[PDB]
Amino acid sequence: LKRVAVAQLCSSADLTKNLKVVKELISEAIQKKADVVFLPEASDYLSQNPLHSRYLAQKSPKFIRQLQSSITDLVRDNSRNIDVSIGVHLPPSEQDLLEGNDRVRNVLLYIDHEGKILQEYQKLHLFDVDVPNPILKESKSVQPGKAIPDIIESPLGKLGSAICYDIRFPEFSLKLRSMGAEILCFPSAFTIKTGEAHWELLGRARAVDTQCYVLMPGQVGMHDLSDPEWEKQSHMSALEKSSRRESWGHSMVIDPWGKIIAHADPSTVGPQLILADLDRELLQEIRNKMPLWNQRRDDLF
């Protein structure tokens, strides 16, 4: 058995405040003897609009460097290793700007106990949706990724990584299992409407489809994305402020048979951590008994 921690939190537009929360969760995870901690999409910030995101993305590299230092500090202080999977934003590179692509990068970092970034997964499927009872277009601020993420040989086993919308495209999850995934993660900032309808369904489905443990770290609650300093500098009227967002939470861990084995406590309000012990022998037993990957029709599909 190996221990995973899944974090649930509520990002503001203040990267400093968000970093403090992130650090506390990582510290809690080490104290609870988790070997890896998984944090949601956009753990560095959430923004009011594309202009705001571009402004905040400039601050993200410092957030990441301070986080790297904080992990090595926490590991050394507690005398125990932990790896961190965390959703952040990155600003466009110098080359991107020259090519006329001034969009930010929605990225999932895997940072090991040495504070080294082992992977930077850039979100492949962008959330451009008329949410059933606001009209969202992530591609107005965000640039899509160019590559399928490699499987990570984590302390928990073979890990396949994805972000939010990615979960809705089953071919991605299937590919990660084909590449050797035993564990999938979907750090997310889900809406209330789609969360109530599909969050648990999609997580359990991916787990059952792929015979993988599935980790679902989610943003939760009502966000306050106000940023007086940005609002002043860009000369905003209060009428064009868009600082309210709300996220579904219900962060969970699902076993390869679709059983929810850990779930966020709905009665606790702030950031929270959930723990699960993962069983490699149960995973192997499920795959042995129902050998889906020996039964696919690759000749046709």
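Don't overthink the numbering: it's just position in the shown sequence, from 1.
In this entry, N133 is separated from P134 by 1 to 3 residues of the deposited sequence that have no coordinates. The PDB entry reports B-factors from which the mean C-alpha value can be compared for 225 to 233 and 208 to 216; the larger average falls on 225 to 233.
Mean C-alpha B-factor is higher over 140 to 148 than over the other stretch, the pair under comparison being 140 to 148 and 195 to 203. Within the selection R177, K123, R103, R168, the deposited Cα B-factor values reach their highest point at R103.
For the set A181, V84, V129, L108, the PDB entry assigns the largest Cα B-factor to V129.
When the CA B factors of the chain's modelled residues are split into thirds, the value for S173 lands in the lowest one. Ranked by C-alpha B-factor against the other modelled residues of its chain, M252 falls in the lowest third. In the PDB entry, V6 places in the lowest third of its chain by CA B-factor. Among all modelled residues in its chain, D35 ranks in the middle third by Cα B-factor. Per the deposited record, the Cα B-factor of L97 falls in the highest third when ranked against the other modelled residues of its chain.
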